[PDB]
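>>> Below you'll find the sequence and an experimental structure to go with it.
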Amino acid sequence: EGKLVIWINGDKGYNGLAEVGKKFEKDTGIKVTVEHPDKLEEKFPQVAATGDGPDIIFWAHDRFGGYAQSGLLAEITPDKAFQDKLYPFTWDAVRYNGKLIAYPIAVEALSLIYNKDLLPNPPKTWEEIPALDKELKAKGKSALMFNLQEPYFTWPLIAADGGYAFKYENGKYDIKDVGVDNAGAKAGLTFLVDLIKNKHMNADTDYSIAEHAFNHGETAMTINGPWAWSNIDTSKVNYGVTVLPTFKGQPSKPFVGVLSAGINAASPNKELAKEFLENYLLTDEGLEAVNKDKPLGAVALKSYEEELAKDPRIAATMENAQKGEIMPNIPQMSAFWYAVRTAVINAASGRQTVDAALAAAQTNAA
Ligand SMILES: OC[C@H]1O[C@H](O[C@H]2[C@H](O)[C@@H](O)[C@@H](O)O[C@@H]2CO)[C@H](O)[C@@H](O)[C@@H]1O
Ligand SMILES: [Zn+2]
Ligand SMILES: [Zn+2]
Ligand SMILES: [Zn+2]
Ligand SMILES: [Zn+2]
Ligand SMILES: [Zn+2]
Ligand SMILES: [Zn+2]
Ligand SMILES: [Zn+2]
Ligand SMILES: [Zn+2]
């Protein structure tokens, strides 16, 4: 009471967000503490269930349906004037059972990021990457490194030739129809595993390692979102942001997230949380503060987004988004993500075959 605690992931602009919080404190006397706990998306539903946790939680919209189903989120009530300020499709991402359960902030999609000095013309296909890696390994470089620990990053390849999460049918997802074990999913994961077994990639590679390699010019390419650009800017690597490579002639299909801010149902500061989000954060100046720390991607706020749209990196982001699909927000997404995380880790490390890993994933996801 009389305080705001906010959780946002450590890869986002939490210092920029904190600057908005300082402005809020200056105006209102309400202190705002921004934190970035590890695994906050799993931590929230645990501590919020007891009525603890943050006043406001930031995460991609996919997790919010489950939070809402658990009664963990307060229903938000922006009026017409405010809703008209954000793109309709962003409001769509934070609707659950007819109710708005969060404020949309920004649209995120993975792109191919490449080093222009090592790779003036980036590959259009996944298939050519092994040969490119061999050429680079002769120079002590690698072609591509990206986070293999989180299925968010491998999904675009798995989905390329036909993998999918849950079948969409006329407004509803059929949670009994999962596409993680079909021929398309298997072809994509098999290709990934082949890269690893043949030493073009390392099963070990995680977010920090991939980011390190790209930003020090050790690898020619990486796969990451808008938040990553800030650190590359500092590294002085000459980079481009472009369309993900195709697989079997088909576009890579990233799962698109809408970074959203939910209010804890157990919060005694719901009115203040709304005031902060609507009138401090979701303004030209508020989003700019966060964006300048770590880029948000394409923001939900029309007035600022139409300025950001001039950025070819954002154009690239949305080109990839359009080839991909907006994540469902249904409660079953958590089971889906866990199933696929396990499958990719087990296949990549050789603990299971691709067929065995994905068969288990099909069961676990549904
Ligand atoms: O890997 C599964 C994971 O994917 C998504 O998480 C993304 C997040 O959306 C992005 O904002 C970014 O920060 O990277 C995360 C992956 O490390 C889903 O949103 C999440 O629920 C899911 O577990
Ligand atoms: Zn603390
Ligand atoms: Zn942290
Ligand atoms: Zn109003
Ligand atoms: Zn090879
Ligand atoms: Zn290891
Ligand atoms: Zn190094
Ligand atoms: Zn260094
Ligand atoms: Zn009120």
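Happy to help now that I have it. Numbers count the residues shown, from 1 in each chain. Ligands and ions are numbered 1, 2, ... in the order given.

>>> Which residues are in contact with residue 327?
60-62, 165, 255-257, 333 (CB atoms under 8 Å, 6 or more residues apart in numbering). Yep, even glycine has a C-beta here, placed from its N, CA and C like the rest.

>>> and it, what are its phi and psi?
phi -70, psi 140 (degrees, to the nearest 10).

>>> can you tell me how far the nearest residue to it once chain neighbours are set aside sits from ligand 1?
Computed as CB to CB, 6 or more residues apart in numbering, the closest residue to residue 327 that is not its neighbour in sequence is residue 62, at 4.0 Å. From residue 62 over to ligand 1 the distance is 5 Å, taken as CB to the nearest ligand atom, to the nearest Å.

>>> Residue 62: neighbouring residues, count only.
Neighbours of residue 62 under the rule other CB atoms under 10 Å: 25.

>>> Looks to me like it is in a strand.
No - counting by DSSP: H, G, I helix; E, B strand; the rest coil, residue 62 falls outside a strand, being helix.

>>> ok, it - contacts?
255, 257, 327-329, 333, 337.

>>> Cross the residues you listed against helices and list the overlap.
Among those, the members found in helices (DSSP state H) are 333, 337.

>>> Just the buried residues from the contacts of residue 62, in ChimeraX please.
Per 16 or more other CB atoms under 10 Å, the buried members of the contacts of residue 62 correspond to this ChimeraX selection:
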select :255,257,327,328,329,333,337
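
>>> thinking again about what came up before, redo the contacts of residue 327 as JSON lines? Include distance to ligand 3.
Formatted as JSON lines, these follow (distance: CB to the ion, whole Å):
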{"residue": "60", "distance to ligand 3": "17"}
{"residue": "61", "distance to ligand 3": "21"}
{"residue": "62", "distance to ligand 3": "20"}
{"residue": "165", "distance to ligand 3": "28"}
{"residue": "255", "distance to ligand 3": "23"}
{"residue": "256", "distance to ligand 3": "24"}
{"residue": "257", "distance to ligand 3": "19"}
{"residue": "333", "distance to ligand 3": "23"}
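
>>> how near is the closest residue to ligand 1 within the stretch 101-250 of the chain to ligand 4?
Residue nearest to ligand 1 within the stretch 101-250 of the chain: residue 152 (3.1 Å; CB to the nearest ligand atom). Residue 152 sits at a distance of 35 Å from ligand 4 (criterion: CB to the ion, to the nearest Å).

>>> name the element that residue belongs to?
Per DSSP states H and E, residue 152 falls inside helix 151-160.

>>> Check which helices and strands that helix is in contact with.
If contacts are counted by 3 or more CB pairs under 8 Å, 6 or more residues apart in numbering; DSSP states H and E, helix 151-160 sits against helix 183-197, strand 219-224, strand 255-263, helix 333-348.

>>> between it and helix 333-348, what angle do the directions make?
Calculated by axes from the mean of the first three to the mean of the last three CA atoms, to 10 degrees, helix 151-160 forms an angle of 80 degrees with helix 333-348.
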